[PDB]
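Working through the structure, step by step
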Amino acid sequence: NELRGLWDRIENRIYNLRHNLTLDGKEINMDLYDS
Amino acid sequence: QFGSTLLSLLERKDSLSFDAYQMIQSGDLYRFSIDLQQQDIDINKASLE
């Protein structure tokens, strides 16, 4: 079960790094408002 | 009788033309009232954020 949890963890972390600008949070875009 | 008829009708004419022009004075005030107040929806949304 550890192999299957491990390879899925690295796939999720690559997806996050491939977006970058989240850091799984929201670094770049925040507090903006309109109207 | 014709001169007092002309004079008394001309008071009735120039009185009602004042009552007309006095209405359109509201038109700018409604525009400014809406375009000031509408922002309180955007402030109530910004407060929810």
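Residues numbered from 1 in each chain as written, not as in the entry; some residues may be left out. Chains lettered and ligands numbered in written order. Part of a larger assembly, values for the part shown. Heavy atoms only, no water.

Listed as the method for this PDB entry is cryo-EM; the listed resolution is 4.4 Å.

When you go through chain B residue by residue, the secondary structure sums to three helices and zero strands. Start at the N end of chain B and walk to the C end: the helices and strands fall as α-α-α. Along the first, second and third principal axes, the C-alpha set of chain B runs to 75 × 10 × 5 Å. For chain B, the proportion of its 49 residues judged to be buried stands at 2%. (Helix = DSSP H or I, 4+ residues; strand = E, 2+ residues; numbered from the N terminus. Buried < 20%, exposed > 50% of the residue type's maximum accessible area, 1.4 Å probe, protein only.)

Moving on: a nonpolar patch on the surface. Together, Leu 6, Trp 7, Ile 10 and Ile 14 of chain A give the surface a local cluster of nonpolar side chains, amounting to about 430 Å² of exposed area. Residue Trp 7 of chain A is classed as partly exposed on the basis of its relative accessible area of 49%. (Patch = residues over 30% accessible without salt bridge, like charges linked within 9 Å, V, L, I, M, F, W, Y side chains within 5 Å. Areas by Shrake-Rupley, 256 points an atom, 1.4 Å probe, with all protein chains shown as cover. Salt bridge = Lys/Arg side-chain N within 4 Å of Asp/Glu carboxyl O.)

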